[PDB]
Structures are given as structure tokens and as C-alpha cells.
Amino acid sequence: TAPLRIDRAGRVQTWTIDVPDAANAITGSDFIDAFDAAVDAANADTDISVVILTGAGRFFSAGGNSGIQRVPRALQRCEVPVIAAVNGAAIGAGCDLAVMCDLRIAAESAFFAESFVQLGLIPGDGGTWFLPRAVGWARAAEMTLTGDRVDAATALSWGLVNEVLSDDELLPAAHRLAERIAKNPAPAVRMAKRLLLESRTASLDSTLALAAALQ
Amino acid sequence: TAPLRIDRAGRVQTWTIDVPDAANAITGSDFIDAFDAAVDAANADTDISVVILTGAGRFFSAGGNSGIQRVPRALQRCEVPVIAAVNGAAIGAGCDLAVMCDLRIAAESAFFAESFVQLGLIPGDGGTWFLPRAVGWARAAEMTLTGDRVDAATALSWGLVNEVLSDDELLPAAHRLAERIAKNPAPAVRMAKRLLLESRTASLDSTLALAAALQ
Amino acid sequence: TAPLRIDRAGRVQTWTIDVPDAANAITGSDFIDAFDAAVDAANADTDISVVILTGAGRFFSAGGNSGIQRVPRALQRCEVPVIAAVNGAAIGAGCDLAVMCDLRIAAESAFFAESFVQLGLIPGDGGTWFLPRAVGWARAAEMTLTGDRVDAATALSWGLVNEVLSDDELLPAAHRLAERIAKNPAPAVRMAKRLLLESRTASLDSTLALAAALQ
Amino acid sequence: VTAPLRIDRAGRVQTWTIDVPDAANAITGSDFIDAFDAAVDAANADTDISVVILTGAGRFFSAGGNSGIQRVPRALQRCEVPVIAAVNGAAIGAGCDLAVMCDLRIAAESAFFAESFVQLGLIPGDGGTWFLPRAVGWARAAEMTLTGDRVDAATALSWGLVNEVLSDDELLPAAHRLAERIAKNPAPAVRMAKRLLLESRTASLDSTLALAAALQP
Amino acid sequence: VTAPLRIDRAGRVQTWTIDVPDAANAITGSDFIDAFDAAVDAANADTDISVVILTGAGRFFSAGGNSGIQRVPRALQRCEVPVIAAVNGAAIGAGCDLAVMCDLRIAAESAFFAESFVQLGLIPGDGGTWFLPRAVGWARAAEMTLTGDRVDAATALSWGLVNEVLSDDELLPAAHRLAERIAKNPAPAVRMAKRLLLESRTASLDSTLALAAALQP
Amino acid sequence: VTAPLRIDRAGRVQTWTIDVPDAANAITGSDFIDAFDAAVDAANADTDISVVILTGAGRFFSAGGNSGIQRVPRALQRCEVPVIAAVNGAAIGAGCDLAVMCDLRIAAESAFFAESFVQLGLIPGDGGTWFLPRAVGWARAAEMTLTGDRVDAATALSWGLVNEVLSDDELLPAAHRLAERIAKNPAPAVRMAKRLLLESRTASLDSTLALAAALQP
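Residues numbered from 1 in each chain as written, not as in the entry; some residues may be left out. Chains lettered and ligands numbered in written order. Heavy atoms only, no water. Residues with missing side-chain atoms left out of burial classes, pairs and counts.

For this entry, the PDB record names X-ray crystallography as the structure determination method and reports a resolution of 2.05 Å.

Okay, here's the thing in C-alpha cells:
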């Protein structure tokens, strides 16, 4: 079946990871190709202001077993905000994918595992850059050096996710969050995200020059 | 009336935004001129070790409708710590002003709104650089992309403010906080702030070289 | 007596600060020499995957009264994760040492004080670079500009430490945490820490290039 | 009209010839940009390739033309093989910036460069202001960008904008000699070295040391 | 004694002449610093102005003199118009650093430069160590800063510290010719280009691409 | 075989002579690395020392040899005194990078440089790719690193890799003249200036201004 289902509802698109023979792994070339295409199509449709990314079934993404860097690079050029609605296990590359999204919310049955170290590996997809910016450096160290699972309540406590919902309330909550963004003029939403992206790395002077030019 | 009232109490100055015909907006040239002057006068009076910034009446600052960058640049050259005592609505430029201060405390009736996106605008004053450093990137994205209001308890929960007080206890609490700083030798307070400012952007090696030179 | 006791238990070493005539101060040349040696010996013994750093007696380190930068530089070249098990007062240089470790846990009788400002000084050892990355900039400003003590519960609330234990449960908890790391292949633990260190400062592109090369 | 980027292979060296004859080899058209994307991706994928020579068909290197114009800089940023600009004629506007984004430049005696944007009320929208100071130093980049005036081949040589100036007939032979001095070396090491050189433009010393240590296998 | 910074306008070009005759055009006095602040702010505000020529009255460009000395570098950092240093004579200490902080330098045959601080037991307190390597490269900046010795006009030309050396009578005519090659261009584009060039000294490529895309309107 | 790094003192100038005769002055052996660490630490500790001249015994500067190789770059990074490389002969591989890591280079007419790693399927594992572009610019560094070919003394001079080329007999006399132009200045100011110059390679302008203000006492 199609590894990434794309549903549109107004100014919001929902992307559903659907790799049922591999627990929603994102390392297959079909999925990577579909993810590239989804980003480019969302960028090109200026009516779209929010993407909700979630997984079909019990898993968000078991991750799977540079090519593994195409999905992270696709997200970096995505102009619209991306909300990860983490419905279940987010493991390995699947954990890093959720952490690379702009906002995370989770079902109570979700959990995260920066599992690479347990396999003799490091996060080859850039997860070590994004994780300390979601939970702080000490918690990112705990997650990366033990590889252990973090359940939904702990994730909320650490700021890894913004809210925790019952399994039935997760997607309704993601759409409510998406609509609080989508009510605003689409070009401004995209300009705001571009400015926020700049602020992660650039100096204050660079941000001031960009903000003055964009306004 | 004078748009920025300056009261002195020992080693602490209190600055009160007072633009009553515009809900304490800070975009007027009179206020901007007075803010410039206040910073320079505080820098020059080496007895001053803390500034408390607050708003007269019900508002901290409704913000108002590069020139909008003079106030942020004035705060960057202010050598003394600035405590924002947010007594009410802090909207738009007023939100960013509070976020640019070193420390925030709030009355229970305060709220914050990074409202620009709702107007088809981005924060033209550098708010996108400071906000992720107060609340983390995911919460800054939520605030900037929805533009929605954040009440005092939520702000405390997110780390946007350090304490929440009753409306009557706000300024007494700000002075207690200011005095915990002002009890210390004034030159060291200023050197410490200069070092902390360096650490926001510079490498560890740059901070080590500066600390070794200052000591 | 020996200022830094080194105990080995499997893949975990415990380092105990033991300067009983100076409340575990770390500014003495004997301690600094022993700390240098401990780091180099731990780096060279590839079986070691975790260091637990703690203090003998009632103090973690009262700190004491560039040379004060040798201990911070030793920690920067330490390849293995370091867990600070803060058993008591961590003051001045002792506070900064704990903050420079990768992870902190604390006994209920522990407290932290970025005390330099009260002495007319700034943190000459790089504490201003590490502290905002443990507690955020506003809390680091509060700690550095007042110099006041932060007790264990407040430290937990601010994210300065990851857990707070009874005085009797502190070291058992540190070993449980260390073992969650040490169960993993030692070379991967060290590669993961090296990647996490890179992510503190480098761009996303630099982290992606390093991760691709290490994998 | 024609394939906008002709791709020739000679051993481990590919030549890319800009060929937009109805617009003086402008690179701002979407057909060219798409072909440049594809050529970079194909060269990265073919581990037999070690060097690209980039040049223009006919009298022009690239007259430049009239975010989309930023796809070309980003493509060169992800290009793993060294790129030699063999500037055979006018390199104007976007064409000037393209040559400056390449790793090495050599020029024909009839070549010239112009950061012409300012003369039309424009700025270099493609990142030329980032690359030009790293080719000629900040003062000469300011002179070129703020006046927009043309810089001939001899002046370009004097400023270090190009490494050598050849007669029109000797340009491509010289580009191939230079390419062969690279292509003689083991192909994986050439690509790793370029990746290291790219990292050094911005990263700290510590970052370069970490990458070099990681790459040596 | 006199107005420390004389301001002349000729079309879109302003000339600022340092005039501190009782201290050999030193720029460390609070009167001069205040005037330099005001001149930058006035030039930014007058959108008709496109170029500043900075030069010294009499025999000296600036003997330098004896945070306050850091207001001048910060003023040039916020100056939106290009600044040409027309170095007519000795540029010593703070005066050397001022010339190096300008966008372009040209010099009279009697000019010379000296990063003299080290000879008096001092370091360049005004940021000269940041700007000098970007003018002459790190090795020559080390030579100038660690010896403190004087660099004459011909050596300065050879090192790229200045772009041209003119006879004493031809310096200001040459500075105006260079200024006019800038000032002929649309005034808003000249200022946007300088803002882009300033961003490129430090920012990543991605930051420059984002700003260039935002500025083109 | 012998002390791998001979240390001579003449007033405030120390000369370090690489002396590994059974391996053509290679610097990759653990004995040499240990001695280089010790020499840097001893020179930092002796406040009477103001300049180091680094050179090779015999015909070679350093043939380089076959993380451990990264201790030498890190040692030079913490060396507080200026280091002049007096390149008396072949500087190959790690030896090329060592010369480039020094503050100033001068060379004998028989010297040459080779970033030879790529020819053996290797990359510069010691940080040479970070330092080389800052000595010769990014295009020449790419040429040297991607071809690996030898650069003779005259070409090195032309590219700014070295500041002067001397006859074999005049090299060390010239190195001492250059060292004395530094060593004549107050020793604490020389070290503070180098610390400021090191900061400027990477830090923002604001960081340099803050450090300069803090260091002037």
C-alpha cells in the first residue's frame, strides 16, 4: 500500500505513515520518496498552513534499519509547521522524525526511544542535534546514552511533548492545535516559521536584519 | 504625560510604562526616546544594579502598531539586569519587550500574546530570537504560529515567568527579587551579566577567555 | 590523603572528592593534578563507559578560593559520560563542576550556589556557559546575579538535577543510572557522547556530516 | 530549445556545458535549474566521477538572466565532487555568482565578471554576496558589488578571482589538465577531502578535527 | 578647538574630514566620538546619501590618540552607506583601526599604517584585531599587531591593505571617482547590498540566502 | 634515537628544532608529540619567553610521517606565544599542516609544501583543512588538497603561504630578525595580542570587543 497517506481538510493536511509490514518504518525508499514529494507538494500549495504527521495503527514509527538523511533534509525545507501526533511507539529513526517536527503531542500509549546506542550505533539522521533542543542537554544525554524508553507522562514532564491525550482524543487534539495556526493568514504563518528557524542558529543581529527585511 | 516614569530606591530603579491613551504601547517615538535615555542614564549611574520594568494601570504593554528595533537595541546595551514585572496584558511588541528582559515575574491577571501572525505580520523587533530561549522552541512555535494568549499559570508552567503573584503582591515581589541582586557589589553584578550575555552565543573557548580576562 | 579516590565497579568508575580540611575544595593543585590523571586514565581504559563524580562526607564541593580552568578543560576532553551525584553543598567552583557534568542527581540535603558575585567575582571557570544550558537563561541569571542557594527540590523543579533522593539512596540511584548506560556497547556510548557534544554548538549540517561519517 | 546543460564524460571527469542559446546561457530558467539539480545528483551517485568542469557554450559563460534562483547554490552545496569553472566569456549577474560558487576558477582572455545587480536596482538574490568575499576578499567584493562594474580577466587574475588566464583556445585544455591533477587520486579520498574543505568554511576547528577523525576510514 | 568632523556634501557623496589639529586627528576624544555617532545617524537618515569618503585634515589621517573607544566601531557597524577611507597620511593606533573598519581603502604615497599598541604595552582595544585579518590575512595581521611596526603605502598596497596608492594631490580626486562608481547606482540598492555584504562576514550561507530573498523587494 | 625537539633559548626567543633523523623529521611519533606538548606548556609557563621559532634539523622541515595526530594542533591552540615556522626544506603531509598552523611562515629557497594525503587515499586528519584556506584562500587550498601536488617556495610566496623566501643560509638569520621585531615589545602585551588575534579567527565582533575591553589591564 501507499506508505504515506495524504488527507486534506481545509488548510490542514494530515500525513499518515502506513508501512504495515514493518511497524511504520521510515527507512524504505518508497516512504522516503513519498515524504520528499509530500513536502514539495505542501510547499507549492500556498493554501496549506499546517501538516499533522502521525502513524497508522499501533505505531508512530518503529524507525527501521546520506540516505537516512533525506527525510531530515525534507523536513528542513518544509515551509509549513509540522505537528507530530505520536500515537504509539516512536523508536530509532521514528523517534528522531517526531523530534524533528515543530510541535509534538502524544497519545497515552505513546513512547519514545533514542535506541541507537543499544545497537552499537549513533543517531545517523541528526537526532542528536534536535533532541537537546526539545528536552535539554541532560535529558537528551539520558535518552541517547541509555537508549531506554520514555513513556508519555515522562515525555510531557520533560517537555518532549506539549500535551498527552487519550488514544481516542489524540487526532481531535491535533486538529484543534492545527486550526489555531490555520486560522491565521497563510503567508504570515510561513514567514513566522522561517524566522523561527533562523533564530535557532543565527545571531541576534542576523535575526533583526531578517525581521526588518520581511516586514 | 511622561511615557516612562523613573523611580529610584537605593540601588534599584523602577521604570513604569505610562501611555494611558494607548494601553501602554511602546511604539511611540516619545517612549522610544525615553527608553534610550533611561538605559544610558542607568549605565552611567554605577550605583544602580537592577531595573524593574512594569506598566501603569491594567496593561503591561499592549505593544502598539529599524525604528521598532531601537527599544530591543537599547536593552542589549543596558549593563544592569532588568526584571519585567508583568502586571497585565503584554501583547505584540509589549510581549517581546518582556521576553527581552533578563527575568520575568507576573501578576495573576497577566497574559502574553505573540500576536503578530494574526495581523499578517512577523515579530519585527527580534521577538523570535528571544522567545525560544525563554520557553523552548516548541512552545515558541505554538505562541508565534497561533498568536494566542498565554495566561499567567500557563506562563509559569512553561518557564516564561519565574513566579506568579497576586496583583497586590507583584511589585513587592519584584523588589524582593531586585534586592537579592542589589545586595551584591555593583561592578560584579554588571560583569556577571556581561559574561552571561556572552555565553548565549559564544563558544566555550570564548567564554573561558573572557572569564579569565575579567577575573 | 588522596584528594580524588577512584573506585572501579565493572564498566563504571566512581570518583570521590576527598579534601577534608577544605570542605572538598577543588582549587588545590593536588586535586587538579589528580583530576587530569583520572580523565586521561578513564579515556585510555576503553572498558569504562561511565564515571560517577561525588564528594566524601557532607559536601559535594565547597569549591575553594588559567589554573581554575584546568578542571573544566579536563572534563571537556573526558570521552565517557559523567554523572554528578551531588551529596551536599556544591558552592562556587564546586557548583560549576557539577553543572559541567553530563547529568546531575542530588541528595535531599544538596544545594547549589553560583556564589561568585557575592565575593565581587564572576565564575572564572566557565560556569556562565554551562549554567544557562542546564536551567535556562532566566534561572541562570537569578542564580548568578543573586548568588543565592538553590535547594534540592528547587533544583529538580528547574531541571538543574534529574532526580532527588534520600541521602542514603543517592549513590544506589547513581549506580542504577550508570548501569542503564553501561549495559550498552562501550564504543557506541563514547561515540554518542562525542556527537551530543558536537550538537551543543555546531550547525545542523555539521552534525549531519559527522553522524554520517561516524556510522 | 535544446538540452540546457550538456553532459560529457572523459574517464573520471565530466564536463557540464551551459547551453541556453536564446538567452546567452542564462541559468535562471526553470529548465536549466532542473537539469543542474539532476546533474549534481547524478554525479554524486556515480562514484566513478571525481571532477566536474563547468563551462558555457559559445561566446558566453553565463549572462545570468532575470526560492528558485537559490536552487543552484544549494545544488553546488550538496555536490560531492570538485567543480572547476572554466569561464570562457561573460559571467554576468547570476552567471558571475555561479562561477564564484565553484571550487576553482580559470578564465579565457575574453572572459569578464560583473556583479551587475546593483546597476539594475537589485541585490544578488542567489548568495553571491556570501561567496564573492571568500574569492577576492571583502574590499574587492564590496567594490564589485557596490559599483557593479565589469572586471576583466587580467584584473580577475590579479585579485585571485581566477587562478589562471588562458587564450580562448587553451582554456578547456587547461581545465582538463587541472581536472586530471585531481582525478588521478583515489576517488573516495577526493570526495572526503572536499567534504572536509566544505566543513572548514564555517565550522570551528573542533568540528573539523572531529569530522577528520571520523572520516579517515 | 574646532568642529572635529567636517561634513561636506557633493550630490550623493558626503566627505567626512577628521579635524582635531591639537592632537594630530586623534579619534579617541569624546567630542570626536559624539560627532562620528551623529554623522553616521544623519547619513543613515538621509536616503539621498549613498557614499561617505572618510579622510583627515592636514598631514595626518589619524594619529589615533590615547567602552568609549568602542563607540566608533559600533557606529560603523550601523552605518548603512559604504565608507571609503582616503588615507592621506599617518594612520596610527586607533587611526589605523578606523581605516581598516571602512569598506574600501585607498592611500596617498605619504600614508602609512601602524598597529602600534603593542609597542606601548597595550592591545587594540577598539576591535582592530577583528578587522585587520579580514583586510590583510591572518599572517600579515599577526606581523603588524605583534611587531607594531609601520607599514608604508607601497607595502600596504602589496598586502591588499589598500586598493590603490595615489600621489598626495590625486588622493581625493581618486576617492571621488571611486565614490561616483558607487553613487551612480540606485540609492536603495546600494544600501541593501552593503547590508547583505555585512551579513556575509559572519552569517551562514543559509542566513545570507534568507536575507537576500527577503530584501529583493 | 635522540631528543626529538631540541630547545634553544636566546633572550626572549626560543628555537624548537624538530630532530627525528630516522624518519625525516616526522611529527607523528608519540615521542615527538609528547615533547611538543611539553615545550608548549613550558613556554607558556616562562613569562620571559615571547617568541618561538619552529624549524627542522637537516634537509627536511618535516616529512610528516604516518586522536594522537591531533594533539599537536591542540597544543599550538593553547600556545600563548607567537610561533614562526622557518621552513628549511620539505614540509609534507603532517609537516605541511604544522607549518600552516604556525602564526607566520618564512621559507628557504629549497623548501616546498605538499598536502599529500589525497595521493595516498587519505585526508588531512590533523586539521590541515581548517588552517590551509586561512593561509592561501579557499581556491588554492582546494588545489593543494585535491591534487596533493608539491608547491615550491616561489609559488608559496606568490600565494601568501609564506611571507618571505630566503637562501638556505639566510633563513634562520631572517627568522631571528623577524622574532626580534616581536620580542622587543613588552612580553605581556605580545601574549595578550596573540590571544586577541586567536579570538578574532572565529568569534563575533562583539566577542572581540568584550575581550579587548577586559584584557587592556
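We are not done yet, so read on.
Next up on the list: the overall build of chain A. Looking only at helices and strands, chain A has nine helices and 10 strands in total. Relative to the globule expectation of 17 Å for 215 residues, the C-alpha radius of gyration of chain A, 17 Å, shows essentially globular dimensions. Seen along its three principal axes, the alpha-carbon backbone of chain A occupies a region of about 45 × 40 × 35 Å. (Helix = DSSP H or I, 4+ residues; strand = E, 2+ residues; numbered from the N terminus. Rg over C-alpha atoms; globule rule 2.2 N^0.38 Å.)

Let us look at the interface of chain B and chain C. Taken together, the contact pairs 31 residues of chain B with 28 residues of chain C. Together chain B and chain C conceal approximately 2,700 Å² of surface at their shared face, both sides included; 64% is due to carbon and sulfur atoms. Contact with chain C buries surface across chain B, with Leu196, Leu204 and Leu208 of chain B losing the most and accounting together for 23% of the total. Counting the contacts that link chain B with chain C gives four salt bridges. Two residues, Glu142 of chain C and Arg180 of chain B, come together in a salt bridge whose shortest N-O distance is 3.0 Å. Put simply, the parts of the chain that give the side of chain B that touches chain C at least two residues each are strand 7 (103-107), helix 7 (170-182), helix 8 (186-201) and helix 9 (204-214) of chain B. It is helix 8 of chain B that provides the largest number of residues to the side of chain B that touches chain C, a total of 10 residues. (Contact = heavy atoms within 4.5 Å. Buried area = accessible area lost by both parts, 1.4 Å probe. Salt bridge = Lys/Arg side-chain N within 4 Å of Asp/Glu carboxyl O.)

Here we take up the relation of the copies chain B and chain C. Rotating chain B by 120° about the axis while translating it 0.0 Å along that axis superimposes it on chain C, leaving an RMSD of 0.0 Å. Such a combination of turn and shift is consistent with a three-fold rotation axis. (Least-squares fit on C-alpha atoms.)

Time to look at the environment of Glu169 of chain C. Residues and elements named next belong to chain C. Mapped onto the secondary structure, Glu169 falls in the loop between strand 10 (164-165) and helix 7 (170-182). Residue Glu169 is classed as partly exposed on the basis of its relative accessible area, which comes to 36%. As a C-alpha pair, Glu169 and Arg200 span 31 residues in sequence and 32 Å in three-dimensional space. (Buried < 20%, exposed > 50% of the residue type's maximum accessible area, 1.4 Å probe, protein only.)

A word on the pattern of salt bridges. Enumeration according to the criterion identifies 87 salt bridges over all chains in this entry. Across the pair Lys183 of chain B and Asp148 of chain C runs a salt bridge whose closest N-O atoms are separated by 2.9 Å. Note that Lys183 of chain B is positioned in the loop between helix 7 and helix 8 and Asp148 of chain C in the loop between helix 5 (137-146) and strand 9 (149-151), a pairing that runs across two chains. Classification of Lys183 of chain B by relative accessible area gives partly exposed; the value is 44%.

Before going further, it helps to examine the pairing of strand 1 (residues 4-9) of chain B. Here strand 1 of chain B pairs with strand 2 (residues 12-17) of chain B via six bridges, running antiparallel. Its bridge partner lying in strand 2 of chain B, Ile6 of chain B is registered against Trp15 of chain B. (Pairing = 2+ DSSP bridges.)

Attention shifts here to the sheet that holds strand 7 (residues 104-108) of chain F. The strands making up a sheet are joined through hydrogen bonds of the backbone, oriented either antiparallel or parallel. Residue and element names in this part refer to chain F. With respect to topology, six strands assemble into an open sheet ordered 1-2-3-5-7-10, the strand pairing being mixed. Two strands lie at the open edges of the sheet, namely strand 1 (5-10) and strand 10 (165-166), each paired on one side alone. Across six bridges, the pairing between strand 2 (residues 13-18) and strand 3 (residues 51-56) is parallel. Paired with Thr15 across the bridge in strand 3 is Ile53.

Turning next to the packing of aromatic side chains. All names here are of chain D. Inspection of every chain in the model, using the stated rule, returns 18 aromatic pairs over all chains. Judged by centre distance (5.7 Å) and plane angle (85°), the ring pair of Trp16 and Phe36 falls under edge-to-face. Residue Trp16 is located in strand 2 (residues 13-18), and its partner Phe36 is located in helix 1 (residues 30-45); the two are separated by 20 residues in the primary sequence. Among the residues examined, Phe36 registers a relative accessible area of 1% and is labelled buried. (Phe/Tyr/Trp six-rings, centres within 6.5 Å; stacked < 30°, edge-to-face > 60°.)

This paragraph deals with helix 9 (residues 205-215) of chain E. Burial of helix 9 of chain E is extensive: eight of the 11 residues sit out of reach of the surface. Among the residues of helix 9 of chain E, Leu205, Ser207, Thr208, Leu209, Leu211, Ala212, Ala214 and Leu215 of chain E are the ones counted as buried. Where helix 9 of chain E is buried, its residues meet helix 8 (186-201) and helix 9 (204-214) of chain A, helix 2 (71-78) and helix 4 (128-136) of chain D together with helix 8 (187-200) of chain E. The N-cap of helix 9 of chain E, judged by a side-chain oxygen 3.3 Å from the amide nitrogen of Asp206 of chain E a few residues on, is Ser204 of chain E. (Polar contact = N/O pair within 3.5 Å; in protein donor to acceptor, adjacent residues only side chain to side chain.)

On to the environment of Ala212 of chain B. Mapped onto the secondary structure, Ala212 of chain B falls in helix 9. Residue class for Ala212 of chain B comes out partly exposed when judged on its relative accessible area of 35%. Residues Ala212 of chain B and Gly120 of chain B, spaced 92 residues apart in sequence, show a C-alpha to C-alpha distance of 47 Å. Among residues more than four places away in sequence, those in contact with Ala212 of chain B are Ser66 and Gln69 of chain C.

What follows is about the arrangement of the chains. What separates chain A from chain D at the closest point of their C-alpha atoms is a distance of 11 Å, and the two make no contact. The two units chain B and chain E never meet; even their closest C-alpha atoms stay 11 Å apart.

Looking now at the sheet that holds strand 3 (residues 51-56) of chain D. Residues and elements named next belong to chain D. Read from one edge of the open sheet, six strands run 1-2-3-5-7-10, paired in mixed fashion. The open sheet terminates on both sides in strands that have one partner only, identified here as strand 1 (5-10) and strand 10 (165-166). Here strand 5 (residues 83-87) pairs with strand 7 (residues 104-108) via four bridges, running parallel. By the bridge assignment for strand 7, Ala85 is matched with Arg105.

Turning our attention to the state of the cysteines. Under the criterion given, the structure shown has zero disulfides over all chains. Free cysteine: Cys78 of chain A, not disulfide-bonded; nearest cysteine sulfur from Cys101 of chain A at 9.0 Å. When its relative accessible area of 2% is taken as the criterion, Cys78 of chain A is described as buried. For the unlinked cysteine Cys96 of chain E, the closest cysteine sulfur is that of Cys102 of chain E, found at 11 Å. Among the residues examined, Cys96 of chain E registers a relative accessible area of 0% and is labelled buried. (Disulfide = S-S within 2.5 Å.)

Residues and elements named next belong to chain D. Judged from the six bridges that link them, strand 1 and strand 2 form a sheet pairing that is antiparallel. Paired with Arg6 across the strands is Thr17, a residue of strand 2. Where strand 1 folds back onto strand 2 in an antiparallel hairpin, the turn is made up of two residues, including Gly11, whose phi is positive at roughly 70°.

With that settled, the discussion passes to the packing of helix 8 of chain B against helix 9 of chain B. Residue and element names in this part refer to chain B. Contact pair helix 8 / helix 9: the axes reach a minimum separation of 9 Å and the direction vectors enclose 165°. For the element pair helix 8 / helix 9, the angle class is roughly antiparallel. When you trace helix 8 past helix 9, the crossing you get is right-handed. Contacts between helix 8 and helix 9 pair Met191, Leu195, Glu198 and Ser199 from the former with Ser206, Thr207, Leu210, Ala211 and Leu214 from the latter. Class assignment of the residues belonging to the contact of helix 8 with helix 9 gives a composition of five nonpolar, three polar and one charged. (Axes fitted to C-alpha atoms, helices over the stretch in contact; angles between N-to-C directions. Parallel < 35°, antiparallel > 145°, perpendicular 65-115°, else oblique. Left-handed = near helix turned anticlockwise from the far one by under 90°. Nonpolar A, V, L, I, M, F, W, Y, C, P; charged D, E, K, R; others polar.)

Attention now goes to the packing of helix 9 of chain B against helix 9 (residues 205-215) of chain F. Axis angle and axis distance: for two packed helices, these are the angle between their axes and the distance between the axes, and together they describe the pair. It is the contact of helix 9 of chain B with helix 9 of chain F, at a shortest axis distance of 8 Å, that shows an interaxial angle of 25°. By the criterion of interaxial angle, the relationship of helix 9 of chain B to helix 9 of chain F is roughly parallel. Helix 9 of chain F is crossed by helix 9 of chain B, and the crossing has left-handed handedness. Taken together, the residues of helix 9 of chain F that come into contact with helix 9 of chain B (itself represented by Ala209, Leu210, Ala213 and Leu214 of chain B) are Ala210, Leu211, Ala214 and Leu215 of chain F.

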